[PDB]
Structures are given as structure tokens and as C-alpha cells.
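A.B. asks: Provided hereafter are the protein sequence and its experimental coordinates.
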Amino acid sequence: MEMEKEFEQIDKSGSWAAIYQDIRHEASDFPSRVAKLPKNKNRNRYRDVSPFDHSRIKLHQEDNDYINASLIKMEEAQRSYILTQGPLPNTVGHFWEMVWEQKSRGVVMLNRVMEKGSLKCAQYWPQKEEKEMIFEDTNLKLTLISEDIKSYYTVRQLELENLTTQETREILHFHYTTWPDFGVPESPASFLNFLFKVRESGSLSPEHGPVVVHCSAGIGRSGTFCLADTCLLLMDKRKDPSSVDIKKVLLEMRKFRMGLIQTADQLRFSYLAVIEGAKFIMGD
Ligand SMILES: OCc1ccc(-n2cnc3ccccc32)cc1
């Protein structure tokens, strides 16, 4: 079926939970043996969210190459994304090592450091120009260059230096600051505006390594971001945009990381975002 009318048909019939449970039943199951080794317990935030072995990002280290991060490679859309958990106190150096080694231009953050009165990820970037951060375990230096605070999101320019070679690179930090502590946003307008700002920066384009996107577990809000982006790109590429099937795209992405889209409300929000976004791309 088309999307917008499949949407109204699920709303009127109140069957979002049944649709979402079908997706969970059909989703791929691949091994995640490296994630579960005892030496990696303090490298995982949640015991039930792990990268598959076949798609995990490897650190370029011989001691321990493990990080909780996955490469999502979308062949028809010609887009790739790295989805990862929010960094832990003992993985902030690994996180920036990955950004460096994978040649990423942008980092997309979809959570606040504290939500619901608890810490959802480490404070992993510097907050003042004159107070830079040094990660001694991976030999990197990170400096805040500039910060632009808007009503729904903040964009930061960062300098990452590999202290071993003295090479430097400019990284863009795109921080969506207004996702509610409970539920999903009422309108997708600010989330779509944010997605378009990431696109306009070059961070999603083939002349760079994959964008790094995270929330707390790296599967819920993070899954919503890449699902909406890929569906909109396919609607631009195909002769028949109504052929794009958001459930089929989500199941393809779940071949590369488990659990993408965590609730039926996140599934409905993803439909809403793609529907509204497809009107702005053209003229309605
Ligand atoms: O790239 C954004 C983009 C491109 C095309 C379209 N689009 C045009 N006609 C359509 C019919 C059905 C569904 C989507 C449609 C939307 C969004």
C-alpha cells in the first residue's frame, strides 16, 4: 500500500502495536559473540543491545578492537551510517578513535547528557574553547572551535588532532536538544529541519566517511533518523515514489543492527516524518 493512506488505515484501526510486533518477529537474528566476551562488559551500556559480528566497527588496535557500533550500508539509497551507543566513561577515547579511523565528518547526537534524572551518556566533548580534552588511551586531542545554539538544536565546530602524527580535522557536532523525556515529538517539523541541516553540511555525503549517530542505546531515536533519511532519498531516486515501503526499509536496516525503532510510537513518528518530509522536498 501507499504510505499516507496505510497510515490513516492503521490510525483508524488502532493497530500500531500489532504492526510493530510483526516487524519484531520478522527481524534478523545474527551472532554478537565479540560483544558478549567477558573482557568487554564495561564497553556495553545495556546488556540487551549489542552489535552483530558481521557489521560491527573494528578499532585499529591489536589489544582490543571492540566498540558497541554498527555499519548500516544501504545499497539502493547509496548511503551509509554508523550507529553507536552514547559513550561511557571508559569508552570516550574509543569513540573519538572510531571517528578518526572511519574518516567521519559529522557526529549526530539525539539525547541530552541527563534525562529523567539519570546520566544517558558521558560529557564527551569540551564545553569551553580554552578547556580542551586529551584522551590519553588513544592519543587524541579535542578542542571546541565555535558553538551556535538554536531553539531546537545546537551545532558545534570541533578540532580533532591525532597527537601521534599531528594531523588535524574539523568535525561538526549536530545536537538535537528537544526530544521529550517520554514519548515522541507531537510534530515532526523540527526533527525534519534538523535532518536537513545535517544534509546541508556535507556530513552525509560520499566524499566523507559515514556519519556517526547516537542516542543512549543507539537504536531508537538513532533508528528514526536514518530510517527517515533513507526513505526520503529513495522517494527522490525512484520513478514511482509511492513504491517506497517503510516497513521493508526498516527490516533491511535491522540486518545490520538489532532493535532499530524501540516502540510503536517511534514507528508511527517515523511514518509521520517521511509523509510530511515528502511534501516539502517538492511543493505542497
Ligand atoms: O526526494 C523527496 C521526494 C521525492 C518524490 C516524492 N513523491 C512524488 N510523488 C510521490 C508520490 C507518492 C509518494 C511520494 C512521492 C516525495 C518526496
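C.D. replies: Perfect, I can see it now. Numbering: from 1, shown residues only.
A.B. asks: okay, CA-based contacts and neighbour counts for the rest of this
C.D. replies: Fine.
A.B. asks: in what helix or strand does whatever residue of the stretch 101-250 of the chain ends up closest to the ligand lie?
C.D. replies: Per CA to the nearest ligand atom, residue 236 is where the stretch 101-250 of the chain lies closest to the ligand, at 3.2 Å. Element membership of residue 236 [criterion: DSSP states H and E] is helix 221-237.
A.B. asks: List the buried residues in that helix.
C.D. replies: For helix 221-237, the neighbour count (16 or more other CA atoms under 10 Å) marks 221-235 as buried.
A.B. asks: all helices for the stretch 51-200 of the chain, in order.
C.D. replies: With DSSP state H, counting those that start in this stretch as the criterion, the stretch 51-200 of the chain has helices at 92-101, 189-200.
A.B. asks: The last one and the ligand, any residue contact?
C.D. replies: No. Helix 189-200 lies out of reach of the ligand by CA under 6 Å from any ligand atom, never closer than 11.6 Å.
A.B. asks: Name the nearest residue to the residue nearest in space to the middle of the chain, sequence neighbours excluded.
C.D. replies: For the chain, residue 213 is the residue whose C-alpha lies nearest the centre (CA atoms, centre = their mean; 2.9 Å). If the residues on either side of it in the chain are set aside, residue 213 comes closest to residue 108, at 4.6 Å by CA to CA, 6 or more residues apart in numbering.
A.B. asks: repeat for residue 16
C.D. replies: Leaving aside its sequence neighbours, residue 16 sits nearest to residue 264 (CA to CA, 6+ apart; 5.8 Å).
A.B. asks: Phi and psi next, for the one you found.
C.D. replies: phi -60, psi -30 (degrees, to the nearest 10).
A.B. asks: If you tally nearby residues, what's the number for it?
C.D. replies: The number of residues packed near residue 264 is 16, by other CA atoms under 10 Å.
A.B. asks: Then residue 279?
C.D. replies: 10.
A.B. asks: Name the helix or strand for it, please.
C.D. replies: Per DSSP H and E: residue 279 is located in helix 264-280.
A.B. asks: same deal with residue 19?
C.D. replies: If you go by DSSP H and E, residue 19 is part of helix 16-26.
A.B. asks: buried ones in that helix?
C.D. replies: 16, 20, 23, 24.
A.B. asks: Now find how far off-centre it is within its chain.
C.D. replies: The chain centre lies 22 Å from the centre of helix 16-26; the measure is CA atoms, centre = their mean, to the nearest Å.
A.B. asks: Which residues does that helix contact?
C.D. replies: For helix 16-26, contacts defined as CA atoms under 8 Å, 6 or more residues apart in numbering pick out 10, 247, 251, 259, 263, 264, 265, 267, 268.
A.B. asks: relative to helix 264-280, how tilted is it?
C.D. replies: Put simply, helix 16-26 runs at 100 degrees to helix 264-280, going by axes from the mean of the first three to the mean of the last three CA atoms, to 10 degrees.
A.B. asks: got a list of what the residue in the stretch 51-200 of the chain positioned nearest to the ligand touches?
C.D. replies: Closest approach of the stretch 51-200 of the chain to the ligand (CA to the nearest ligand atom) occurs at residue 77, with a separation of 11.1 Å. Listed by CA under 8 Å, 6+ apart, the contact partners of residue 77 are 230, 233, 234, 237.
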